[PDB]
Structure formats: structure tokens, C-alpha cells
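Student: this one's a deposited entry, sequence included:
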Amino acid sequence: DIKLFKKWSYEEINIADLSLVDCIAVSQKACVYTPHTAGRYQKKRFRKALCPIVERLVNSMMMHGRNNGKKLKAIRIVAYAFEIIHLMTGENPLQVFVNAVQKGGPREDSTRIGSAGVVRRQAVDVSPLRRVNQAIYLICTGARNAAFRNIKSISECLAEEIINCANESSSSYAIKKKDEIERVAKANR
Amino acid sequence: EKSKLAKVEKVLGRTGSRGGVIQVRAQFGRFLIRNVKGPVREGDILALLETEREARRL
Amino acid sequence: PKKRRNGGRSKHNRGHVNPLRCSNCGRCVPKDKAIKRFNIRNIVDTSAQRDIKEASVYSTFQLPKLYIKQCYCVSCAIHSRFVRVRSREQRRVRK
RNA sequence: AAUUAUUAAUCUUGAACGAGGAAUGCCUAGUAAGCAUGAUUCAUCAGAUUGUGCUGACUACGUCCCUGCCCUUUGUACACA
Ligand SMILES: [Mg+2]
Ligand SMILES: [Mg+2]
Ligand SMILES: [Mg+2]
């Protein structure tokens, strides 16, 4: 009987990837009424994976210097975006957001490896934590760039970006950046 | 397009000139030595887009 | 001050020795002073090696080797690190 | 003692600037950034220092690739090096 924002349940949501099941937290300790917890999540290496997923979303939502530390404004933005998401394509907005998180990060990448003095740009593999982090970062950047010098508000932009990310449509920032990363990765090895 | 899941069973070391690369041994049930970017643990799960490929020694 | 007892090469009871040419840089060096290396290599690495195996007839195939026998001059040999720089006592250690 | 206008108050005037080329700085947690404030100077004057608190992230948990410093072997015709 604990709901997100007192409206949405996440008692029935599932992941259905099985690689990202351990890295996104909607369970015992992470079921909260509001995405404000003043925890200590960066003291150890992997403790970042127990911060509730919506709080990580709001943590990346306050960026570009103008907006540093303004946590409550970010929470209001995210809450109204979730209302807009539920209104159209009526579903649980947290389930839509989890689906979008599962799609917005590349599965493989490229880097410089010094095999025997001569080098390449060899393809490598991406870990689940890296994929989750990149999905969050790319969604937030897409929404932020959409709303700059624009008639549409920031929460409308964020709702559109999340919905488009969940549907694999190549009109979102995250999907296209990820496809380009994967294309170069398949090309360099 | 179609991922393949492999389980990390131990971590071997770090490569790259700046050390931003991790060497693992993963198991489907065959073993492979694969080469990863980002923080990893034993027990993590990888989504391999290629199946017939290994990494040189370190 | 005569840093080496044998003068950098193994010649005794002879006047002249014919030279050979460096496998890397083409310089002339006497045969008793050049450093020699003999190599037994495979044609391909192990993954391509197994790929040839099931593309083959005869059901029992072995790839051939390569035999090379290269020779180098001092400058062209220690730039590639076949030979390094040692200390005064360690220089005398043969084998 | 206010002219080359000490500072403050009111109305009027309403420039460049649409995120910054080659380069380059600081930073790992109540920290960066954002936000204001007490003292020093002081007849009068802070866009400066030196302290204090308020709101509060992202990314790593490494390496010797660039830069700097150190140690071992080695060469030296350098020792104001
Ligand atoms: Mg003679
Ligand atoms: Mg001063
Ligand atoms: Mg160095």
C-alpha cells in the first residue's frame, strides 16, 4: 500500500531483460512515497545500484550549472511529467519509464587497446551498470536540449522523450545516439 | 540484434594504456575470455552480440 | 679500456671471416659477430588454425611450419630488444 | 575641502551580447556548483581577501599514455653542471 507519488503502485512491474534485474531497484527498501532520500550512496563502489530508479532520474535532471542543487524543482518536473505520461497511452508511468531505461543504453562500444604497440579501436562489451547510467544520462540530455528556447515546457519534453524511448522510435535522442555507438562498434571490430 | 547471455565467473585484470579495460572469464556452458568496459563484479551478466571471439592474454 | 675480453665476437686462430647481411637493415656484418635466431612458427593463429581444420578434407590434417634463420647487426638487434644492456658483472654470464 | 563626476536616492536614455576559434584551469562527498552573510581596511567608499552557514549532483574506486618528481643499471670529452 505504498505508492509512488501516492498514485502508482509498482507492485506488479517486471523487467524482462534479466541482465538489468540486479541493477535497477523497485523492491523492499526502494519502495518510497517520494523520490527524496538523503542517503549515502557514493561511499562504496556498487552502492549506487540501490538508489531508487526515479531518484536517479531526478538526480540527473538538475544540470548545466544554472540548476545545481535545486532538487525540489526537479521532483515537481518529474511528477507532472508522469501525470502527462499516464494521461496518454494509459498505463503505469513507472512501467513505461522502466521499459525506456531498458532500451536507451548501448550493449557494446569501442576503445583504444595496446595489444603489441600497434593499436586498434577494438570493440568491447558494456556492463549493466554502465548501460543503466548511459540510458539515464541520454534521456535527461535529450529532454533538456528539446526545451531550450522552445514554447513547450520541460515536463512535456521529458514525457515525450520517455514515451519515444520505450517504443524504439528513432525520433528520440537516446535511441539514435545508441544506434550510432553500436554501428561504430560493429565497424571497428 | 539478438543478445546472448553469459555469466561472469571471475575477473582477471586490467588492460589499456590508462587501465580503463577489464578482462573476465564468462560462461554460457562453454568458457570464454572477454574484455569489458565499465565496473564489473563476479556474478554480473553480459549481453554478447558476438559468440566466436576471444581476447589476447594480459 | 677494453670493456670486453673477446672484443665483441668469437674469433680465434683466424685472420679473416666472411660477412653476411642484416635481415632487417641490410648492413654487412662478419658472421662471427652477428646474433643469430632460429624460428619455428605456425602459418596462422589458433582460431584460424581450427577454422582450417573443419574446412579440410582428409579428416586428419596438420598445418606445416615455417623455418627462417634470421641474422641481425648490433644496432638493428638491440633496437628491437632481442638484446639489452646489462651490468658489469652480468655481462660475463653466457647461457 | 567632492571639479577629473566619494557614496546613496528619483525620473529619463537603452549599446555589444543568441553559448564563445587555436589553447588552457580547478575538482572525488556534505565535496563541485549555485546562494547569501560577519569581520580586515574604514571620516566616506568592495565587483578584493579571510571566515561562516544554506540548497545540494554526475563520474572513478583506476593507470603509467601525456606532464612532473624519485630510484636501479648504463654512456659521458659535462662539474658555473
Ligand atoms: Mg685483419
Ligand atoms: Mg586590496
Ligand atoms: Mg609517465
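Tutor: Now that the structure is in, tell me what you want to look at. Residues are numbered from 1 along each chain as shown, chains lettered A, B, ... in the order given. Ligands and ions are numbered 1, 2, ... in the order given.

Student: when you work out contacts or count neighbours from here on, use the C-alpha atoms and nothing else.
Tutor: Will do.

Student: so what does the spatially most central residue of chain B have for phi and psi?
Tutor: Chain B has residue B:34 as the residue nearest its centroid, 3.3 Å off, counting by C-alpha atoms, centre = their mean. When quoted as degrees, to the nearest 10, the phi and psi of residue B:34 stand at phi -130, psi 170.

Student: quick check: it touching residue B:23?
Tutor: Yes: applying C-alpha atoms under 8 Å as the test, residue B:34 and residue B:23 come out as touching, 6.0 Å apart.

Student: residue in chain C nearest to chain A?
Tutor: Of all residues in chain C, residue C:80 sits closest to chain A, at 12.2 Å by C-alpha to the nearest C-alpha.

Student: list the buried ones in the longest helix seen in chain A?
Tutor: Among the elements of chain A assigned as helix by DSSP state H, the one spanning the most residues is helix A:128-146. The neighbour-count check on helix A:128-146 (16 or more other C-alpha atoms under 10 Å in any protein chain shown) flags A:128-144, A:146 as buried.

Student: need the contact list for the most centrally placed residue in chain C.
Tutor: Closest to where the C-alpha atoms of chain C average out (C-alpha atoms, centre = their mean) is residue C:37, at 1.9 Å. Counting by C-alpha atoms under 8 Å, 6 or more residues apart in numbering or on different chains, residue C:37 touches C:69, C:70, C:71.

Student: residue A:108 contacts residue A:125, correct?
Tutor: Yes: using C-alpha under 8 Å, residue A:108 makes contact with residue A:125 at a distance of 4.5 Å.

Student: for chain A, just list every one of the helices.
Tutor: In chain A, the helices defined using DSSP H lie at A:53-60, A:71-87, A:93-101, A:128-146, A:154-166, A:173-187.

Student: distance of the closest residue to residue A:157 other than its chain neighbours from residue C:37?
Tutor: In space, and not counting its chain neighbours, residue A:157 is closest to residue A:143: 5.3 Å by C-alpha to C-alpha, 6 or more residues apart in numbering or on different chains. Residue A:143 sits at a distance of 64 Å from residue C:37 (criterion: C-alpha to C-alpha, to the nearest Å).

Student: rewinding a little: can you tell me which helices and strands the longest helix of chain A packs against?
Tutor: Counting by 3 or more C-alpha pairs under 8 Å, 6 or more residues apart in numbering or on different chains; DSSP states H and E, the packing neighbours recorded for helix A:128-146 are helix A:53-60, helix A:93-101, helix A:154-166, helix A:173-187.

Student: run a quick neighbour tally on residue 29.
Tutor: The chain I'm using is chain A. Neighbour count for residue A:29, taken as other C-alpha atoms under 10 Å in any protein chain shown: 10.

Student: sorry, I should have been clearer: chain C.
Tutor: Residue C:29 - counted by other C-alpha under 10 Å - has 19 other residues nearby.

Student: quick one: it is in a strand?
Tutor: Yes: Residue C:29: assigned to a strand according to DSSP: H, G, I helix; E, B strand; the rest coil.

Student: OK, contacts around it?
Tutor: Neighbours of residue C:29 in contact, by C-alpha under 8 Å, 6+ apart: C:19, C:20, C:21, C:22, C:73.

Student: residues in chain B within reach of chain A, list them.
Tutor: Within chain B, the positions near chain A by C-alpha under 8 Å from any C-alpha of the partner chain are B:5, B:15-17, B:34-40, B:44-49, B:56.

Student: could you redo the last one with a cut-off of 6 Å?
Tutor: Residues of chain B lying near chain A by C-alpha under 6 Å from any C-alpha of the partner chain: B:16, B:35, B:36, B:37, B:38, B:45.

Student: show me where chain C has strands.
Tutor: For chain C, strands defined by DSSP state E occupy the ranges C:19-21, C:28-30, C:35-37, C:40-42, C:65-67, C:70-72.

Student: return the most buried member of those strands.
Tutor: strand C:70-72 (a mean of 19; mean count of other C-alpha atoms under 10 Å in any protein chain shown).

Student: identify the residue of chain B closest to chain A, quick one.
Tutor: Counting by C-alpha to the nearest C-alpha, chain B gets nearest chain A through residue B:36, at 4.6 Å.

Student: wait, isn't that residue in contact with residue A:123?
Tutor: No: if you go by C-alpha atoms under 6 Å, residue B:36 and residue A:123 don't touch, sitting 9.3 Å apart.

Student: residue of chain C nearest chain B, please.
Tutor: residue C:47 (8.7 Å).

Student: check the burial of that residue by counting its neighbours.
Tutor: Counted with other C-alpha under 10 Å, residues neighbouring residue C:47 total 12.
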